Chemist: 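Would you mind keeping the following structure in view while I ask a few things?
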Amino acid sequence: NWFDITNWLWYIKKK
Amino acid sequence: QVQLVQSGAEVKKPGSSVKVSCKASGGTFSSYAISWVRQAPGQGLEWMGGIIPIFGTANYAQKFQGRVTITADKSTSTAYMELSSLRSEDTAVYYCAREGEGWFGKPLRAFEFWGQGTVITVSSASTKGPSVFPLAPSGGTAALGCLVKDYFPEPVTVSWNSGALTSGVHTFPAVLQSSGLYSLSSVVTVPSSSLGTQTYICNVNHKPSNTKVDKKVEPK
Amino acid sequence: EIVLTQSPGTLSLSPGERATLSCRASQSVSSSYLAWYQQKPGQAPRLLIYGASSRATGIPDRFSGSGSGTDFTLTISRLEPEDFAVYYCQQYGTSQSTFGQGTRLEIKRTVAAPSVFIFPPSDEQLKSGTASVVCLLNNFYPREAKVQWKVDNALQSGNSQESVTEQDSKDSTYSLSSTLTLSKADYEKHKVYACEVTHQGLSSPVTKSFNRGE
């Protein structure tokens, strides 16, 4: 899903 | 927090193209998707597409593929929506939305932040000022008004007594006539005893045509 | 891809009553990716619920989301005057996001009769070659009304346009303006001009008329 991409970007940024 | 400011209204001709901007302010800009939603007069919401500014690749609605170009300018933190081959059905209010920000940086997917909306009027009529006519009045309540007929485009602002009279005011929505022009009416109920002693002036301001009218309505 | 259907179309409820709006999806929505928005006239849509049930920031807990898959529900426990607006649902489980057609939630009050007024065309407009008669239906409820124009007792068709105001924020009533457009010659040829209003709370349709030339 496209609307999940913006969440994946948050992961590797903060994880 | 996050604020989205869009560009002013626009009046385009069929077949041409229009471009709307959306300047964001506050928070992160690269890793948050910006979407565009239109809404025709009387109709409902409609998703057109989105873009994650950190990527050049966007995500458009299959219905609009071939006419919509959504690009983001990270240098100015501004999203752009462009529509080509315009038709009268494209006459709508174009909102620019941004996904919600939850706890910490974890983003939501629903559209929490919104812009004020850009009124895109796709038509072929020429700019024209309205003709203001007095609706003269003939328990003790008297209704009077002004007919704001034949103007293009929307909108026209109406007030009574330079805006000092608000109680009982009914400014009706405009009706698009078959000639491409618009027309609306504004009425106000007042005590019948105050007809022969109070002056009622309806103020019409049509900004696109730079037309101000102060029509004095007096009973017959 | 996914077609959202909202129910009901229009909902008439009183302040303090319980509200329930349904949003059905043609297919299953992945991970309950459903959101509810509220929109008031002249303003932008305001987010209420995301993730089918999670409440947004600053939203009172009287809004509650439920459901998943093909059916979702927005529940407003106790209604307040600032809760009456248009409500939309939106799925984002697929890359092709879509919205519902909308559920308008208006205020229910006692039947209010319209005040009927009639305005002849102004002399300034008469010297322009067109005569516009106006019929005003001030402050009534419900919204459903019927206006008919009679030029010398002959009914008109395809020559009048009406407009209805939004819901009044004080008395919860509606108003209607009907404009009848005729040519100057057709106006000066006839005599009586009347507007007949049929509406609830009226024993029979009320006719407001004037005679041209007096």
Side-chain angles (χ1 to χ4, degrees), chain B residues 4 35 37 39 43-50 59-63 93 95 97 99-102 108-117 131-137 141-147 149-150 168 170-178 183-187 189 215 217, chain C residues 1 6 31 33-37 39 41-51 54 56-57 86 88-90 92-93 95-102 115 117-126 128 130 132 134 136 138-139 161-166 168 174-179 181 210:
Chain B
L4 305 173
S35 300
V37 174
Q39 185 178 4
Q43 308 306 315
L45 270 45
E46 180 177 1
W47 182 79
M48 311 188 66
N59 180 25
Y60 311 95
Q62 295 175 349
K63 178 261 191 66
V93 180
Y95 296 101
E99 48 180 307
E101 232 173 75
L108 321 180
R109 302 146 174 86
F111 303 152
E112 178 173 344
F113 308 95
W114 290 73
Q116 87 271 27
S131 297
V132 186
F133 300 113
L135 309 175
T141 296
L144 50 93
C146 284
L147 174 56
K149 180 180 168 55
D150 292 353
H170 290 273
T171 297
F172 292 82
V175 178
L176 177 60
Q177 300 137 306
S178 60
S183 185
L184 59 75
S185 301
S186 186
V187 306
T189 50
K215 195 66 180 182
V217 200
Chain C
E1 204 90 332
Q6 220 157 333
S31 301
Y33 279 173
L34 198 281
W36 288 92
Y37 300 85
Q39 180 190 30
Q43 304 176 11
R46 170 167 158 264
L47 175 60
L48 299 176
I49 299 292
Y50 71 99
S54 302
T57 312
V86 181
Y88 293 102
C89 55
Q90 177 218 18
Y92 44 94
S95 298
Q96 301 295 316
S97 184
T98 46
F99 286 87
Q101 94 275 11
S115 301
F117 301 86
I118 184 162
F119 303 91
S122 58
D123 302 327
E124 302 87 327
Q125 191 182 10
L126 284 178
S128 65
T130 300
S132 294
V134 179
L136 170 63
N138 193 30
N139 297 330
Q161 287 179 319
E162 70 178 8
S163 178
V164 191
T165 59
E166 286 285 343
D168 197 81
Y174 292 99
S175 292
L176 191 148
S177 58
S178 177
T179 299
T181 306
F210 71 94

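By convention in this document, chain letters (A, B, ...) are assigned in the order of the sequence lines, proteins followed by strands, and residues within each chain are numbered from 1.
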Chemist: Can you check whether B:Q62's main-chain N or O pairs, donor with acceptor, with C:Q96's side chain at less than 3.5 Å?
Modeler: yes
Chemist: Which heavy-atom pair separates C:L136 from B:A143 by the least distance, and what is that distance?
Modeler: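 That closest heavy-atom pairing would be CD2-CB, 4.1 Å.
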Chemist: Specify which of C:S97, C:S115, C:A35 makes the most heavy-atom pairs with chain B at under 4.5 Å.
Modeler: C:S97
Chemist: Between B:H170 and C:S177, is there a side-chain heavy-atom distance shorter than 4.5 Å?
Modeler: no
Chemist: With chain B, which of C:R46, C:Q90, C:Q39, C:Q101 has the greatest number of heavy-atom pairs at distances under 4.5 Å?
Modeler: C:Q39
Chemist: Which residue out of C:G51, C:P45, C:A44, C:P121 racks up the most heavy-atom pairs below 4.5 Å with chain B?
Modeler: C:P45
Chemist: Nearest heavy-atom pair of C:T165 and B:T171: which atoms, and what distance?
Modeler: CG2-O, 4.4 Å
Chemist: Measuring from atom OG1 of C:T179 to atom CG of B:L184, what distance do you get when rounded to the nearest 0.5 angstrom?
Modeler: 9.5 Å
Chemist: Measure across B:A136 and C:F119 and return the closest heavy-atom pair with its distance rounded to 0.1 Å.
Modeler: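 Closest approach of B:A136 to C:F119: O-CD2, 3.3 Å.
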Chemist: Salt bridge or not between C:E1 and B:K63? Use side-chain N to carboxylate O under 4.0 Å.
Modeler: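 Result for this pair is no, no salt bridge flagged.
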Chemist: Is C:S54 close to chain B through its backbone or its side chain, or both, or neither, when contacts mean heavy atoms under 4.5 Å?
Modeler: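 Neither part; nothing is under 4.5 Å.
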Chemist: Would you say the side-chain atoms of C:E166 pair up with the backbone N or O of B:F172, donor to acceptor, closer than 3.5 Å?
Modeler: no
Chemist: Heavy-atom pairs under 4.5 Å with chain B are the metric here; pick the option from C:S128, C:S122, C:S132 that has the most.
Modeler: C:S122
Chemist: Do the ring planes of B:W114 and C:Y37 sit parallel (below 30°), tilted (30 to 60°) or perpendicular (above 60°)?
Modeler: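 Aromatic pair B:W114/C:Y37 classed perpendicular.
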Chemist: Report yes if some heavy atom in the side chain of C:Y33 is under 4.5 Å from a heavy atom in the side chain of B:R109; otherwise report no.
Modeler: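 Yes. Closest side-chain heavy atoms under 4.5 Å.
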Chemist: Do you know which of C:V86, C:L176, C:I49 has the most heavy-atom pairs with chain B at a distance under 4.5 angstrom?
Modeler: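 Of the options given, most contacts go to C:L176.
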